[PDB]
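These notes concern the structure reproduced below.
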Amino acid sequence: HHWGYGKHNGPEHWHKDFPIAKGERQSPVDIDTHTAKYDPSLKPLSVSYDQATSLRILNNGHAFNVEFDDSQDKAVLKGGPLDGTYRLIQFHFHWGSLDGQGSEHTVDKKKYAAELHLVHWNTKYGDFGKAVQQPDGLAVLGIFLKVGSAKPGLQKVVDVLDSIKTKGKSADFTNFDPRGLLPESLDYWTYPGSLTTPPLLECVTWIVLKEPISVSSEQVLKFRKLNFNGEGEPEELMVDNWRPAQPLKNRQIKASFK
Ligand SMILES: COc1cccc2cc(C(=O)Nc3ccc(S(N)(=O)=O)cc3)c(=O)oc12
Ligand SMILES: [Zn+2]
């Protein structure tokens, strides 16, 4: 009886195995755009993905992860609110059963159809598993998805999903360029938070872009054909794999833009 997104094991149950679920810096949160303060001290975000080397795509039973070779300094996030260098390890999405929900962060209570998380670890801690034990261990770049025009740079991901339908399936996934998933603007909000899935560790500097990307209805429909279950188990569609907004408590959300 492990955690998930079903009626019996979903977000409202996670605290029993992971008491930090009720902690002081949990994610996601609602971004109240009128109370987020413009911080002129925030730097432009530096996203340097020219040399990113994807390796594989994995259905882990909760989402699918596009994994990167993070053994050299090759796909790094710097600047913004960050001190030092953070290396890309994987990206994944959270999405809904319907276009009206799916994102984890919300903007003035607005839910987007999906949310992309590009996960990076602070190179001062040497690798990901050590980084997650630190309050500045990770930087997650969050990007909202709305349904409209197709995102041409997403289609290579969409088309491989048939080969990883069920939990534990993986597939070679080389030469994928994550620059094709970015919006035009790098304007962002930032706040200190957590992993949004167990173990819910409070190790993330969140950087949430203001500008959503557009994906087509057909693209997101293919996400919704994935399965939470393993091969040869009762089919449970992989939908609504998002954690709702958590209490902000004693935190400030800062805006990079006026
Ligand atoms: C020993 O546990 C693991 C073994 C092998 C791989 C992993 C990967 C992990 C991981 O990246 N978790 C993760 C990453 C990102 C987020 S989120 N949704 O971006 O906040 C939430 C959870 C993780 O927490 O634990 C892992
Ligand atoms: Zn995530």
Side-chain angles (χ1 to χ4, degrees), residues 11 23-42 44-49 63 66 75-77 79-83 86 88-96 100-122 135-147 151 154 178-179 181-197 200-215 241-257:
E24 299 300 305
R25 58 172 280 188
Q26 290 290 291
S27 293
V29 299
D30 181 56
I31 300 165
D32 177 334
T33 67
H34 286 293
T35 51
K37 201 183 169 171
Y38 170 57
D39 183 352
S41 78
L42 285 171
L45 193 67
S46 173
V47 185
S48 305
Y49 290 167
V66 173
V76 304
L77 186 68
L82 306 169
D83 290 330
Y86 290 70
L88 179 64
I89 181 164
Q90 54 104 331
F91 72 78
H92 60 274
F93 303 81
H94 306 260
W95 63 89
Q101 61 192 36
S103 67
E104 297 207 303
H105 295 89
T106 56
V107 179
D108 296 336
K109 302 299 181 81
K110 179 185 174 69
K111 294 173 165 150
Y112 289 87
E115 185 173 333
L116 166 60
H117 289 162
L118 294 131
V119 182
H120 313 75
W121 56 270
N122 192 330
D136 58 352
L138 293 190
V140 183
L141 179 60
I143 303 177
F144 296 120
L145 281 61
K146 66 184 183 181
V147 174
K151 193 68 167 181
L154 181 61
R179 294 179 292 187
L181 301 176
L182 302 176
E184 279 176 11
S185 181
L186 299 176
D187 289 349
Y188 63 89
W189 297 283
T190 184
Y191 75 97
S194 76
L195 304 180
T196 71
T197 54
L200 302 170
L201 296 169
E202 290 182 336
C203 62
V204 181
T205 302
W206 276 96
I207 301 170
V208 178
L209 296 190
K210 176 171 176 200
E211 185 188 323
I213 60 167
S214 288
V215 302
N241 60 350
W242 49 277
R243 189 190 193 191
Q246 299 302 306
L248 189 61
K249 303 194 162 164
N250 189 40
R251 295 177 286 179
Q252 276 205 333
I253 304 182
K254 299 176 190 166
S256 75
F257 60 92

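As a basis for the values below, the full set of heavy atoms in this structure was taken, side chains included, without hydrogen atoms, waters or symmetry mates. For reference, positions follow the sequence shown, starting with 1.
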Does the [X] side chain pair with the main chain of [Y], one donor and one acceptor, at a distance under 3.5 Å?
X    : Y    : result
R251 : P192 : yes
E104 : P28  : no
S256 : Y188 : yes
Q246 : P244 : yes
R25  : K249 : no
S27  : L195 : no

Nearest 0.5 angstrom please: [X] [atom1] to [Y] [atom2], how far?
X    : Y    : atom1 : atom2 : value
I89  : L118 : CD1   : CG    : 12.5 Å
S41  : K254 : OG    : NZ    : 6.5 Å
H117 : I207 : NE2   : CD1   : 12.0 Å

Might you point out which heavy atoms bring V107 and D30 nearest each other, and give the distance in Å? N-OD1, 3.8 Å
Could you tell me which non-hydrogen atom of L77 sits nearest to which non-hydrogen atom of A139, and how far apart they are? CD2-CB, 4.0 Å
Check side-chain hydrogen bond (donor to acceptor under 3.5 Å, both in side chains) between [X] and all other residues, then give those that pass, not counting sequence neighbours.
X    : answer
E202 : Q26
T33  : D108
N241 : none

The test is side-chain contact (heavy atoms from CB on, under 4.5 Å); show your working for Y86 and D136 and say whether it passes. CA-CA 10 Å; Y86 290 70; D136 58 352; 4.0 Å; yes
Using the side-chain contact (heavy atoms from CB on, under 4.5 Å) rule, take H94 and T196 through it: C-alpha gap first, then chi angles, then the decisive distance, then the call. CA-CA 10 Å; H94 306 260; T196 71; 3.8 Å; yes
Do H105 and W189 have their ring centres less than 6.0 Å from each other? no
